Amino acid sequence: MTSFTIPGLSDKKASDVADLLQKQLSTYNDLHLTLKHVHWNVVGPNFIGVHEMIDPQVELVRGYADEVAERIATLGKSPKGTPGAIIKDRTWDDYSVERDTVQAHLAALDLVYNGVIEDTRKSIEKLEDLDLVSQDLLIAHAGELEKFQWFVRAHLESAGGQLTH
């Protein structure tokens, strides 16, 4: 089985890229489900502010999932996005926190993001030698992904500058 790919890319390069984007895909799908999970199980005096702050991120990530996925399909492979595909590519523990304080979740989400950002970064430099278009696509996400973590961190920041985890 084999047949088509993007004009200008070797089947080898194409595969390595798709295999990268597929792990990125399952990352997004796990992320936006987890993001909605927090959306719901948050409590505290600052509930509402954080309840909503999350939606724009959920919708934003859900779109990234779609971009990344169809890009894989463009490369010639098959995007896997069923609950199973998520659990099989997933290399981190499932989100532990449930109905708990805003502080609790934000601290936990921070770490989730350290993972997502760090992994994305890696795949960005690994893509320089493979496909620039795909590296660009990922760089855009990183920006928005990174900024949200700031939103998250800013809630835990010490009057000075230290993270109050």
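One rule holds for the numbers: they count along the sequence shown, beginning at 1.
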Seminar exercise, completed: Quick note on 92-100 and 115-123: per-entry mean CA temperature factor is higher in 92-100
Problem set entry | Which of 146-154 and 8-16 has higher mean CA B factor, as the PDB entry lists it | 8-16
Exercise. Which third of the chain holds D129 when residues are ordered by C-alpha B factor: lowest, middle or highest?
Worked result: highest
For this session: For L137, return the chain-relative third of its C-alpha B-factor as stated in the PDB record: lowest, middle or highest.
Result: lowest
Exercise. C-alpha B factor of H51, ranked within the chain: lowest, middle or highest third?
Worked result: lowest
Exercise. Which third, lowest, middle or highest, does the CA B-factor of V38 fall in along this chain?
Worked result: lowest
Exercise. Considering only modelled residues of the same chain, in which third does the CA B-factor of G44 rank: lowest, middle or highest?
Worked result: middle
